[PDB]
Structures are given as C-alpha cells and as structure tokens.
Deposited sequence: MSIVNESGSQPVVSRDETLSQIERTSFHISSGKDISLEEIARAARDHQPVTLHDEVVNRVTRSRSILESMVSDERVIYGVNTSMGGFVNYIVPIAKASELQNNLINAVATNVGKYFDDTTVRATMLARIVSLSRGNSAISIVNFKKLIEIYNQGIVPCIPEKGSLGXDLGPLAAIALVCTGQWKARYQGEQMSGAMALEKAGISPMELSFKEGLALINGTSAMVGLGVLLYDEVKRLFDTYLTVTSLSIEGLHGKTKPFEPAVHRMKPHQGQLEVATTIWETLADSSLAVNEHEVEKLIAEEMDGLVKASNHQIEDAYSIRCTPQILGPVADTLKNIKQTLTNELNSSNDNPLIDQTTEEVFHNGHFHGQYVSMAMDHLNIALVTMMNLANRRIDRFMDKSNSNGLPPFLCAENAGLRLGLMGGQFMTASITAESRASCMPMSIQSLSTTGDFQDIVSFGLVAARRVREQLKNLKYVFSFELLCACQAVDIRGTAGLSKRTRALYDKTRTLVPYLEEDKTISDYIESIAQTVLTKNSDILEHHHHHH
C-alpha cells in the first residue's frame, strides 16, 4: 500500500511505483481528521456569511456572479461538465493513476475542504481500479483532465474498468461505489490544481532518472567499444571544478570501467608516443586524448544530472502542496483566495527536462557517428561491418534512423512554459501550459530511447569485434542482457524490431508511458 500520513512528504519514487503497480491508498487517522475538520470549518464560514469563490460565487469568466448556497450542487455539476473540454487520445492507465494519486495527496493536506465522504470516495474509485478516460490535448495548466475524472466520480462520462471502456455509471456500479454527490466547493476542489501535470511529470522524471543511470553503463560500454581512455574520468581531476553532477558522473564511469581491459590506460598510450619522439614534427597513429563525446562525457551529462536534481525537487514540492483555490488555514480558520493551481513551476521544470533529453540525444547521436565512421572509430571496421563490407552495408543504416529522430527532437524543443495565450475574458490571462510541456517531454523520451537503443546496439557489436574477454563486470552484464534480444550481426538484417525490443526491455521501467 501507498500510505498517506499527515505531514510526512511523499517521494517521487513512491508515487511513481504506486501508479505503475496500482498500489492501494491507505490513510493515517490524522489525515481523516484533518480532511473532516477542513470541511467543518468551511461550513461554519458559510454560516458566517463569508464570500468564497466557487462556494457562493461562480467561477472563471463569471467570477463576479453571486450564486446562492442553495444552488451549490447544480453549480458544481455545471462546473465539471463546462470545463471538461479536452480532446484527442486518452491517457494511459499509469498516467491516470498518477494523476489521481497527486490529487488525493493535495486534498489530504486538509486545506481544500472537500467532504470526508467524497475524499474517501475518490480513494475508493482509485483503489477499485476505475481509470477515467482523459483526453490528452487542451487545458491551460489541469481543469480538463481533472474534470474528466470528477465526471466519472459523479457517475458521468467514461472510464476503463477491468480492461473495458464503459460509462462512468457502469464502472461505479461494477466497482460497488455510489457516485459522489457534490456540495459547495467540491467540484472545484477535485479539479482546480496541478495534479495531471504532476502525475505525468513525476512518472517522466522517474523514467528519465532510471534511463540516465542505465545510460552511464551504456556510456561505459561505448568507451570500451571505442577504446577510449579512462584517465579523463578520474575523480581527482573533476574535483578541480566544483560541479557536483559532473564529479558524480565521472566517478560512476571511472568505477564501472576500473576492471575493464577494453577501456584504455592513458599511461600506455603516452609511452607509445614518447617512444616515437625523435625531434621532428610528425603524425602518430596514437593520440594522447580523445574526441569530446568520449572525454567530455562528465561535462555534458553532469549538467543533465544536476538539472535532474532541481526537477526532482520542484516536482516533489509541487506534489507535496495544497494546489487548490480557495484554501482554508486550519490554525487561524482563515480562507485565502490564491493562485496555487498555477502550473508555472512544473511547466518550467518540463521545459528543462526537454532540454536535458535533447542534450543526451545529441551525445548519443554523436557516439553513433564515432562507431559508424572508420576515421573516428579508433580501429573498428566501417559501419561496424566486419565481414564482407561493400557486399553488405553492416549497421550503416541505423544512423539514418538516429540522426533523423535527433533532428526531429531538436526541432521539438521550443519551451512551452513561455507560450501563454490569454483566455476567459482575460481572467486566465497568463497560463503555464504545464501539461502540454509534460506531454512534449513524453514524446522526446520515446525518441531518446530509440537513439539510445542504437548506441547500445552499436556498442555490443563493437565489443564483439574488439573481443569481449576484457569487458568490465558491470558493462558485461548490460552486453549480456542486450545479447538476449539482439545477436551479433554478421549479415544485413532489418533492425526495426531489434531496436523496439531493446527500447522496451533494456531502457524501460514504466511500459505504459
């Protein structure tokens, strides 16, 4: 189970695992009491004739309209229907689950004044496995996406339950749940915050961080394949800049290659060159240092590791927040109108994640050109075609795939968090587009795994050609796992399925994404 207790923050790793595995939510007692008290406070404010948005006023474009408390249910049902205007394909079950868990987390903090009955119902709908159909396109940053959920919670719209699409009412009946009856604030509290962009955003972070870690082992395997030198990865020289991500990356690679005899000892190369010295300017077959896609790996992936730490922190904070409006402070029993639904932090974080993904993409696209071009590959056969070159083209065509997906990805990396357009009579006049920002990352992550897959495919074929006796233990593990999906290739063969296989099996944890 995914346990929510008061004041204990939820980690990205926990919510990603809960959403991938459909872990049930369980609540600590104090969470129940806080959610309940928040509603009691609101009710007492309504008796005190407080004026509160979405309780006795209308919303969005009609912010200035008074609406009687007696008409609450009807206003809340109108609200969740009116803003459910997303279109296009439906989110997968894992993203839907993550979204609803992020909403449950936000509401659990006791500042939203959702009733305890509807809060438990939201959890129960989640627990029993109902997955509202959430159309992916539209929304300003997540009314659309969350209103698709609120509608299913009330016995409307559509959902998947046990592998079948059916009406919201059919799914509730099958799951054994009565639909929610919404009173004042309640529609608003279920739909007014950042939970879709968070739910998608967290699942993307978790996937990316995992792929990054794996890619340091793909890198180490490349370096063995290219006979790159390991001395530039020594932690001692990286402690000469205070960048933390760089020093971590170099340390991991350095430790992974410590027992390789494929990776090259710079001191051995230095000796070869010193022995050629005779007081003349002349060319050598050896070179004291390698090309940047090898030697600059820590300086290039270090910023990626560091921007991942910052993204993790922003997502963690946005997940562990009261992203809803208005909000009730239980200590002072005060109500605040505020802007906590605004997704700018997540949207910005997504644009940074997009940039990080394309930076990794360029690196791996460039590794691939090192393997393909015999002038760059440090003694490997052209196109890694070891037998019958000319009669066969070898792996030359994989680069047609990667350079194209890299180019497409570079063109797709325009920041969404700056694209704000004003709507709703200019009430929503500056908006994040955080969920579009996250959907665009998701596309770029698919691209990244394709290009990674071909670097790894190259690296395996390259070490086969070098001889694998000298592989490090950790890189040999990766080489082995890949060799269970793709053979050494001594004849020309379509690699489309091989690449899909490595992407799916080596480079993926969350297969729904």
Practice item. Mind pulling out the bits of the deposited sequence that never got modelled, as residue ranges from 1? Key: 1-25, 167, 540-547
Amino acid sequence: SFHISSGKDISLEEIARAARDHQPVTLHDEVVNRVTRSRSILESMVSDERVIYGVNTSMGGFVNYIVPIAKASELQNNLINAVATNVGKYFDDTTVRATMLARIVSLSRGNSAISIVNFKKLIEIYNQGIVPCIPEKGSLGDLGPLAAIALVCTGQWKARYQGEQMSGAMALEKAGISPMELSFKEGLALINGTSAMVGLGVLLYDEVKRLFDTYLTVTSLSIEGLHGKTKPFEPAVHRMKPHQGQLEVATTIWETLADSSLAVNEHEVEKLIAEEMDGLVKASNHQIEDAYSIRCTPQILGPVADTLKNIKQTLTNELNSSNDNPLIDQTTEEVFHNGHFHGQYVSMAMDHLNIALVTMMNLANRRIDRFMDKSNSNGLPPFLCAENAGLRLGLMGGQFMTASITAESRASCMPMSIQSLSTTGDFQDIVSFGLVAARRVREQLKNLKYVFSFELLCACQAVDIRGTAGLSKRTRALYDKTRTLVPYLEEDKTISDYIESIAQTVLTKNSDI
From here on, numbers count along this sequence of modelled residues.
Point to revise | Given 50-58 and 27-35, the range whose Cα B-factors average higher in the PDB entry | key: 27-35
Exercise for review: Identify the stretch, either 125-133 or 339-347, whose C-alpha atoms have the larger mean B-factor according to the entry.
Suggested key: 125-133
**Study point:** Residue with highest C-alpha B-factor in the PDB entry, from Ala356, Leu79, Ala175, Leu435
**Key:** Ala175
Study note, to complete from the structure: Max C-alpha B-factor within the set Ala274, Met240, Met416, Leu203 falls on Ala274
Study note, to complete from the structure: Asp306: CA B-factor among chain residues, third -> lowest
**Study point:** Chain-relative CA temperature factor third for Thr475
**Key:** middle
**Study point:** Chain third (lowest, middle, highest) by recorded CA B-factor, residue given as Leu448
**Key:** lowest
Review point. Hey, what third does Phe91 fall into on Cα B-factor, ranked over its chain?
Key: middle
Review point. By its CA B factor, does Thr217 count among the lowest, middle or highest third of the modelled residues in the chain?
Key: middle
